[PDB]
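Some notes on the structure that comes next.
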Amino acid sequence: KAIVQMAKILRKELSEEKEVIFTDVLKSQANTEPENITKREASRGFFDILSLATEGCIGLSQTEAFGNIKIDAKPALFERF
Amino acid sequence: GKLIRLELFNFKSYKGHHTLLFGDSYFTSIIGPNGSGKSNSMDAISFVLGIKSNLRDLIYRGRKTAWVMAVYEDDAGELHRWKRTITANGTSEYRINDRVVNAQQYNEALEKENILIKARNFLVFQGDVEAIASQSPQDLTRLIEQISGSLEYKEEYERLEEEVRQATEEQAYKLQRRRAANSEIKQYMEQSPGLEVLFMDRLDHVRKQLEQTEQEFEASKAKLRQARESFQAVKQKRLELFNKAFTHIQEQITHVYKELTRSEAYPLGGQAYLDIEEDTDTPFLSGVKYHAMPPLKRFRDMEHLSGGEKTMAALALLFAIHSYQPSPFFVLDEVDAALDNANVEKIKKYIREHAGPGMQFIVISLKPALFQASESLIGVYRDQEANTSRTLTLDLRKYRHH
């Protein structure tokens, strides 16, 4: 399940730090340098975080137009997926 | 120009102020998981632009006012701000660049940018596809009359045709009266009335009775002439508007249907044409035949086509129709939901080959094969603790293909 993959990557990054930047999560999930990340990979991850947020597992903050997306953990992140 | 953003306020699933941002993107897809509010995007767009297809229920409810504003940058490019508000009693307020106006003045501002509510040349609902794929030939004629402007002459056309019909039989009736009067004159003169009046005021009765029959006929003649000329003028204008639209769509449909049915296996695509069903001197009184055959198919009836093939033929017709009066932007409902992967790819290719200055695309997309090819994305998610929909953006032009 795609959401399961993303759920695991976020629990790792958000277990130490309170927030992680989407583009950092995307480099981790793509297993490559950011210069090589493809539109298909970026869209898959973007949709995955929207799913996790609608399920109540993460929080999303973006304060600038096309700006960095900040992700924080919710309690349900460590109980679902 | 183009839309650079929509701003919402307490609209349906959105609590407070939110932004649907497009920026300088000419191909934006709006996406999100089910029950996130994505479906409310169509609603907000068609609301702020004035589509009628309950008004109190659009306001957010926790379970009080709401508005939607379209921000549009013309070719100059100056800013246009089109705001529609739902007030506390359920009525609509209209504002243009932050000044109150009435509904008519609102539409006119939109028409000036070729955003035509009468033709809905800027938006394809999902229901439009079903409606197109099941419509009768006479329904298609009426649709072309609607988008072409010729339908606004229909009632005047039919009123004046009736006047011609009446004034015609009135002329024939008064002509037969005059033929009987002049026939009674020949009989009354062979009566040798000169002798009778020499050894009579009735001779003056025939004087004014014949003078009356003449004046009455000449009036029926001039009235029929006026009705015939009024009717022919309206008929000519109705035909002019209709033929201009029909000619455009008939020419385009062949090309658009190919583009949407070309594949690696069948690089020639299918074949489509439009035609007036029956022979007539007044095309808008006949039905319009739309025939489309995918590659390597050829039967007379289209109802033997698959649901996918019917959908793609309907989309081709909708594109061909809306190209007659090109909108600066174009909003496409979530049609990729029901389509197989091959057809989703063809929609994607068609959009990328047209999305740019002069035709901005805003697409509701369920299928990654489509929305992963956008210039930018609008993601809609549900904040359950706050009980509201929210939006995120991602510029996909930063990332590479392959």
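What to note about this one:
- Loop-resident trypsin sites (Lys or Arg not before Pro) (DSSP state other than H, G, I, E or B) in chain A with no more than 15 further Cβ atoms inside 10 Å of their Cβ: A:1, A:18, A:80.
- Here the dipole of the stretch B:211-275 is about 160 debye; that uses its Cα centre as origin and unit charges on the Cβ of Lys and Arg (positive) and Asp and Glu (negative).
- The smallest convex shape that holds all Cα atoms of the stretch B:4-100, its convex hull, gives 116 Å³ per residue.
- As a length-normalised measure over Cα pairs under 8 Å and 6 or more apart, the relative contact order of chain A settles at 39 percent.
- Chain B - charge dipole about Cα centre, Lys and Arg +1 at Cβ, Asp and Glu -1, debye rounded to 20: 1300
- Share, in percent, of DSSP beta bridges within chain B that are antiparallel, nearest 5: 75
- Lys, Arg +1 and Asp, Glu -1 on Cβ, resulting dipole of the protein assembly as shown about Cα centre, debye, nearest 20: 1140
- Cα lying deepest toward the dipole's positive end in chain B, options B:329, B:85, B:304, charges on Cβ: B:85
- Column: log10 I(q)/I(0), Debye, Cα scatterers of the stretch B:350-402, q = 0.26, 0.31 Å⁻¹: -1.14, -1.33
- Between the stretch A:1-37 and the stretch B:68-100, the alpha-carbon centres lie 40 Å apart.
- Based on the convex hull around the alpha carbon atoms, the stretch B:117-262 presents an average projected area of 13.6 nm².
- Descending semi-axes in Å of the protein assembly as shown, equivalent ellipsoid built from Cα gyration tensor: 66, 27, 17
- For residue B:221, the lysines whose Cα comes closer than 30 Å to its Cα, not counting residues fewer than 8 places off in the same chain, are B:154, B:174, B:186, B:208, B:235, B:237.
- Residue pairs, from the table A:39/A:74; A:27/A:70; A:18/A:74; A:39/B:367, whose Cα atoms sit over 18 Å apart: A:39/A:74
- Scaled against the 2.2 N^0.38 Å expected of a compact globular protein of N residues, the Cα radius of gyration of chain A reads 1.02.
- Kirkwood Rh in Å, taken over all unlike Cα pairs in chain B: 25.4
- The distance separating the Cα centre of the stretch B:277-292 from that of the stretch B:191-215 comes to 59 Å.
- Listed residue pairs exceeding 22 Å between alpha carbons, taken from B:112/B:346; B:244/B:310; B:310/B:346; B:52/B:118: B:112/B:346; B:244/B:310
Every number here is computed from the coordinates shown, using simple stated rules; none is lab data. So basically every Cβ, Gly included, is an ideal-geometry build from the backbone, and we count neighbours across all protein chains shown.
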